[PDB]
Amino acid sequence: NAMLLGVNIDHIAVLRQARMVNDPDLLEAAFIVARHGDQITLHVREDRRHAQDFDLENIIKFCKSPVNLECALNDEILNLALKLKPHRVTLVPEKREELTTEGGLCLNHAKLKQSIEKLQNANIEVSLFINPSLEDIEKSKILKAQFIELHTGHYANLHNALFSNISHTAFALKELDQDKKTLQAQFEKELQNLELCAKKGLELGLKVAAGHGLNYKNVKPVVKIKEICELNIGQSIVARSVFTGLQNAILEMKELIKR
């Protein structure tokens, strides 16, 4: 079961929007992802912080790759999805009403069920970005999602605190200022839980993806979870690309997820 790699190009658009001179060119970057990744992912936020409507249009029109649009439950972006028809839509929280404390989508949101229906009626694959809880997995099955994407964010931060220098830097997370034994127990639980949730997802006929915070060090134990078929990774790849170029950054990640 070869793992698939979705490359989220949001942070290339972050750089672009930082100077407003169309450099880096997101479509150039998308051509490289189309060739060396398995899908192109982007999040067109309601506030248009990074990726834009025209980016989604351009990528759909020009790139030889499946497209995964991440978006929230606002009508404007949903309608855009319905108009342009990316291959897949991954529903993610942006507003408070969509959020949970842990960062996955609130699966009780009033608009969620109809949103899913609208998308599937338009023949768009639907993925729900969720906390790794057995309850959220079972609800996702009930809501008729084809995919779920497990939030690896807490796992990633734990891995970083334990096996890198991040706690000695200005980027240290105050919440992870606890003794190593407690951190190590939480890390093991979090990884165990990701595996349990993937198995549950697979048992219910869902396709299981994982994403948020994955990097070239913390990805390695996630690859060993046989039941995860796809990782969606952005920020760490774009951060590596500053040193190696995007092609090599993607190819390096592909080598790590071989199994």
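A residue's number is simply how far along the shown sequence it sits, counting from 1.
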{"query": "Stretch with the greater mean C-alpha B-factor as recorded in the entry, comparing 33-41 against 188-196", "finding": "188-196"}
{"query": "Which of 176-184 and 70-78 has higher mean CA B factor, as the PDB entry lists it", "finding": "176-184"}
{"query": "Residue selected from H159, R88, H151, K83 by maximal Cα B factor", "finding": "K83"}
{"query": "Among modelled residues of the same chain, the CA temperature factor third for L202", "finding": "highest"}
{"query": "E57 CA temperature factor, ranked by third within the chain", "finding": "middle"}
{"query": "Third of the chain, ranked by Cα B-factor, where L128 sits", "finding": "lowest"}
{"query": "Cα B factor band for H212 (lowest, middle or highest third within the chain)", "finding": "lowest"}
{"query": "Record-listed C-alpha B factor of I257: chain third", "finding": "middle"}
